[PDB]
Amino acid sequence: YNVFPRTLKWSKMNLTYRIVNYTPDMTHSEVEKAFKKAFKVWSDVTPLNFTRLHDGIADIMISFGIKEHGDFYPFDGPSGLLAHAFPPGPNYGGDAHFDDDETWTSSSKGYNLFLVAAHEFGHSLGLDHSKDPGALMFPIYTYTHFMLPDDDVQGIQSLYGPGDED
């Protein structure tokens, strides 16, 4: 017999993701780089492995959309809502949607795709928001070498463990 896990987490360490489509704002390579770095923020401090799929069903389906894009969380045009991701689970669970009415960048301009993705993937992995205004999982986007704040380390490790500590 099995009771449901105490916290929403992935019950496997091996997770897949798929960049279903791409923003106009950045090259394919820039987007892939951003997401790759955003996943590594989490795999570096846990035992989580992330494999990119080019096609098929992945645990974390990543896409760029505007307004109504197939969930109960329609985007709202420029500014306001930026992105959202769903907590671990089947189907839309783990999926991350980015508002392509935002300007996504690999700089301090518009919204940094990597930074928002790293945050979003926190949600995909079971983290909600933090009260720590320094934390990656803080509810409000601000822009600053990236280092995962200790609050986010503690949160994610409470879910998945530290993985290899060295």
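Position 1 is the first residue in the sequence shown; the rest follow in order.
The entry models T144 and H145 with a gap of 1 to 3 deposited residues left without coordinates.
The PDB entry records a higher mean C-alpha B factor for 145-153 than for its counterpart among 145-153 and 12-20.
Once the C-alpha B-factors are averaged per stretch, 106-114 and 59-67 rank with 106-114 first. For the set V31, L53, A135, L125, the PDB entry puts the maximum C-alpha B factor at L53.
Per the PDB record, residue ranking by Cα B-factor puts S130 in the middle third of the chain. In the deposited entry, the Cα temperature factor of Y73 sits in the top third of values across the chain's modelled residues. Ranked against the other modelled residues of its chain, the C-alpha B-factor of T46 as given in the entry falls in the middle third.
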